[PDB]
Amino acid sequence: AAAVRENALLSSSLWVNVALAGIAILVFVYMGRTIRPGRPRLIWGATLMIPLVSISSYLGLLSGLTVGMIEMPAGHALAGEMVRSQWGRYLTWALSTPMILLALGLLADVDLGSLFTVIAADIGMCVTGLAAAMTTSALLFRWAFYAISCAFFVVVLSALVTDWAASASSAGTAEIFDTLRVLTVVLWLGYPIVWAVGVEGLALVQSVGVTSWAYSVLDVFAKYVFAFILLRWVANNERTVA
C-alpha cells in the first residue's frame, strides 16, 4: 500500500550504504597499497576509517540496534505519534565526522589546538542533534537543541574557512583543501536542512523512508565520494604532503 512502500524506502536506503561503504572500504584498501609511508599513509589511514565507521552505522540501523520510536510533542506536525527515529545516525556521525576532520586536518597540517577544538565542537554538534531527535517533553527543547547544534556547526565551518584554510596555504595543500572545504560546507549544510524539512523537524516531508534516503544520499557524497577524492589527490601529490 503505502506501508509496503514506506518500508521499502527505509530498507533500501540502509542496504545501499552498507553496500557502498563496503565497496569503498575495499577500494580504499586497494588504493593504500600504492601510497608511500609518511603524511600520505597517515591521511590514508584516517580516510579508510570513514567508510568503516559508516558500514558499522548502517549495520546498526539495519539490525534494529540503533532505531527507536519517539513520541512527537504537541505542536509537532505529527504531534501524538510514534515515528521511528534513526538515532543511530547521530551516534555514528559522532565518530565518523571527526575522522573526516582528522583527514582534512592532517592534509592542511593544522595546529593541534585547532584540531581538538573542531573535533570537540563537532562532537557537540552531533550530540545535541541527538538530543534534538530524542526530546519528547516539549517542541521548544527540540528546536532549542537544534539551534545549539547549529552553533557548534558554525564553529566547525568557521575554523575550516579560516584557520585550517590558512594552514593548508602554508602547507602546500592550499588548493586541494579549497576543493574539499567547498565540498564539506555544501554537503554538511544538507544535514540540518534535511533535519528541518523532514519528519523530525518541520515534517514538510513526512515519510521516514524519504528523509532516511535524503541522509543516505548525503552520506554518499560526504563520506565515500569525499574520501575517494582525497585519496586520489593524495596518491597523485605525495611530495607536496610529505
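Residue numbers run from 1 along the displayed sequence.
- In this entry, the higher average B-factor at the C-alpha atoms falls on 177-185, of the pair 191-199 and 177-185.
- Averaged over Cα atoms, the B-factor as recorded in the entry is higher for 28-36 than for the other of 63-71 and 28-36.
- Of the candidates 147, 132, 160, 126, it is 160 whose Cα B-factor is highest according to the PDB record.
- Taking only the listed residues 171, 101, 78, 155, the entry reports the highest CA temperature factor at 171.
- In this PDB entry, the Cα temperature factor of residue 214 sits in the bottom third of its chain's modelled residues, the lowest group.
- Per-chain ranking of the deposited C-alpha B factor places residue 42 in the highest third.
- Split the chain's modelled residues into thirds by C-alpha temperature factor. Residue 228 is in the middle one.
- The deposited CA B-factor of residue 10 belongs to the highest third of values across its chain.
- Per-chain ranking of the deposited C-alpha B factor places residue 91 in the highest third.
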